[PDB]
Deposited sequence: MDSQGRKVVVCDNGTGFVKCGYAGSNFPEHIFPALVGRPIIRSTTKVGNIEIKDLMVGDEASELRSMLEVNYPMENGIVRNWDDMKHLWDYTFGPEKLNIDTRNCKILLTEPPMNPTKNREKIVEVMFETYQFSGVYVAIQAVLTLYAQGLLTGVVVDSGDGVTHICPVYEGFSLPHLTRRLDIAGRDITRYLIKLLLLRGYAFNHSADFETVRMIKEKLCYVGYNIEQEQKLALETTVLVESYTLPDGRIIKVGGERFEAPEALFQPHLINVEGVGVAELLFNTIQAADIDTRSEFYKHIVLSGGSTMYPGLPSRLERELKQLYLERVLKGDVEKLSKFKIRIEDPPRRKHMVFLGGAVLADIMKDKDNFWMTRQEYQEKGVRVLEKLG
């Protein structure tokens, strides 16, 4: 809400979930899945079903993800999802008088951003659109201007160093493991126990099982010793139809694919070695500032025991590959992993802070008129 009476809306479009709200708030107003479903029953209620209810009866439909790692695949499904977002079921706003802040993943093509700005200005006709980088918003939410952001969501896990409020583009790294790969590996591990689940019709049940029971083991020699002698790791879960399943030693085996990618046939190294190589690839005088401020983000870093394991692996790598002979020199060096419990929505809080600061400055936003007698060149004000 600015001085002229126009509402400011912060929208974060993920591969899996759309999180939308207003500027200045500390909580997201709505979180819902991002999928568009069509009835396969007519191929064998409503012809176009979109939203979380389309995630309810997933087995009755066939589904499509319109967004894939910040790249729009199906434009009509993305227009239907944005029509559902700015509608009376979720937000109930009049888009003729609003301003909107949208996010953007690192290493994005320019043509996708131009098309997104053209759809927001021509179809919905907003009064002001701004596009921001997600890592800068993640550091803005915590209170820092210099750090290394490790964000694992639903698409591609990214490691990005940001220095003095600007993201360095020639040092960012990516790893192709996220929550869908962990869910597929959990389906593959649960097939050996005897529970058979479909890869498309039963994705949400295994997603809720993964959100409920899975964790990351600290010592990976102690967990299966506890799993070979005791029955304390076996937990009972109730399916929606009525059956009761038992999940045992697979709780600590699936997120171990984050640290060992060759379990899911992906070449490369783990997240800790990639983080060490990303920090060590920078110049010498700014290494310790990157080591003192490492911020985790994303919904896939919500496993219990993950930052303790990450700090242990990073300290072991820095001991073995840099100092190489002394445990006394390791104590003076400072390595900090920042793990707040609100880390699932850092991008929304950073967008809310940045929209609440700059809600009155006319030079920040780009208006409808500056699109109207310049076209695509209004994106020249972005950077």
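The chain's deposited sequence has one unresolved stretch at 45 to 51, with no C-alpha coordinates there.
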